[PDB]
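Let's start with one chain on its own, the form deposited in one PDB entry, as structure tokens.
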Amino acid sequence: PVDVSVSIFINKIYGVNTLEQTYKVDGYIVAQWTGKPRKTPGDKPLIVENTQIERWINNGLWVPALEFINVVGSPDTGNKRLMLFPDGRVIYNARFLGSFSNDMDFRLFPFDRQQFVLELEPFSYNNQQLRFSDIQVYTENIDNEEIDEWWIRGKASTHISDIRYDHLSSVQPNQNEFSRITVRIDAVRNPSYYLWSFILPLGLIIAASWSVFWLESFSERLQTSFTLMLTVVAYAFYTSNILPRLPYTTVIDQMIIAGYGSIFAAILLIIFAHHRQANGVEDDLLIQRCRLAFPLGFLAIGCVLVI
């Protein structure tokens, strides 16, 4: 089995797509292995760029195809080069930009943590092995972060392993395992923007909704309720059109639903107070003054959104 060592340089992780559970990675891949020594002009190692590589392959040079297992679509590869040493070293180097897939749980939004992973297997050869993996994510830890969407826990962790393909015929009858490199990079979301521009105002609006009980008239209370209703709707719209699309509810989504519920409960009480009596317009004294029952009865059912 040929020993292949790869180093992966990661230049940029960007463009997360919540719906597709993908993210873009720009970087270089280097792969090295040793073969039969070779005669090279002078006795300096030889450099072969781009279109020239295929020529060498036609005349017999072995350059194994390494696949990104979890890439979605053919990656965009830029320049590639072979460095051919006379003593038989062969070093493959290429620039790449790809869309990579992973399981991504966005349920604890603004405060979610994800891992960006790369998975590398040789495409055709079970009979050749990854000797070691080195990722150089030489961005940086504590620096520009409040300029960036994602904060890296860093540096990346690696794992060479063996994957069994049971339904894939192979060269020999016994050997059906592939060598796989797996790189993982952990990251937390920069929750600032969403706290200050979404969660805060949502709170303010929800709170202010409670000030309905400090209105004197029943007519005033009920009528104003419908305007608070409209406000939550506008806010849900705003919230939904600007936040990332998902197939499930986030914490912000729940707050919105709570807002709706509070305002509906209010409309129930407000109407109840006015007709739970013994005359016509005897608003239930104590009740119409649950100007403290709601706010904290909601901060109770609001501390069970975190259980």
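Position 1 is the first residue in the sequence shown; the rest follow in order. Superpose the two forms; the largest set of C-alphas matching within 1.5 Å is the rigid core.
Another form, the form deposited in another entry, is not on view; read the next lines as being about it.
The one residue among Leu195, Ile142, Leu204, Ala234 whose Cα position changes by 2 Å or more between this form and the one not shown, with the core held fixed by superposition, is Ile142.
Relative to the superposed core, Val281 undergoes a C-alpha shift of no less than 2 Å between this form and the one not shown. Core-superposed comparison between this form and the one not shown: CA of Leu130 displaced by 2 Å or more.
Relative to the superposed core, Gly73 shifts its CA atom by less than 2 Å between this form and the one not shown. Panel note: the distance between the CA atoms of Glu140 and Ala31 is smaller in that other deposited form than in this form, the difference being 3 Å or more. Cα of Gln128 to Cα of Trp62: at least 3 Å longer in that other deposited form than in the shown structure.
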